[PDB]
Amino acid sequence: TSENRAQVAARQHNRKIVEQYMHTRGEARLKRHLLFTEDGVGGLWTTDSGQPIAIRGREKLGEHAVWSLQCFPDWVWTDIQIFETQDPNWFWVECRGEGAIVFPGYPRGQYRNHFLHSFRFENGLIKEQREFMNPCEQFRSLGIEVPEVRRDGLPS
C-alpha cells in the first residue's frame, strides 16, 4: 500500500540519522544538533534527582554541545545496536559509552557505562532523543560514594 511505502521509506532514512548520531565524535559533535528538528529535545533521563535533564530546542542543543565537548572531551559510543520498531519514527539503541569526565569541581576521571537511547523522528529529523543509564557508574567516575543496598537478608 501507499502507507506501507511511506512507512518503509521513513524508517530507512531515520535509521541512517540514528547511525550518524551514534558515530558523531570529536569536533563533529558541535554540529550534531543539525540532526534535530528546530523544536527537538535531547538529554539525560536518568539522574540522581529523578528528573530528566532535557535540552529543549535545536539552538540550545548546539549550545550544550560546546559544554559537553569540554566536559566529555573524547566521548565515544561503542557496541552500538540499533533497533527499528513497528513505528517507523521510533528507534531504540543499546550501546556502551566511554571517555574522560571533566566535570566542574570534581577530579578528572574516566567514565564508562551502558546506555539505552530512544530516538523519535518527525519529518526526517530527531524530535526527541533520550538517554538512560545507571547513575551509580557516573558517581563512581566522579569519586562520589555509592550507597550499598544491604543484601544480608536476600536469597543468594
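Heads up: residue numbers just count along the shown sequence, starting at 1. Here, rigid core means the biggest group of C-alpha atoms that superpose within 1.5 Å across both forms.
Here 143-151 and 20-28 are scored by the root mean square distance of their C-alpha atoms in 9 other deposited structures of this protein, with each structure fitted by the rigid core; the higher score goes to 143-151. Averaged over CA atoms, B-factors in the entry run higher in 85-93 than in the other of 85-93 and 113-121. Relative to its counterpart among 39-47 and 56-64, 56-64 has the higher mean temperature factor, C-alpha atoms as listed in the PDB entry. When the C-alpha B-factors of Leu142, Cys136, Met22, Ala10 are ranked from the entry, the top spot goes to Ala10. Sort the modelled residues of the chain by CA B factor and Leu34 lands in the middle third. Per-chain ranking of the deposited C-alpha B factor places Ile126 in the lowest third. In the PDB entry, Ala28 places in the highest third of its chain by CA B-factor.
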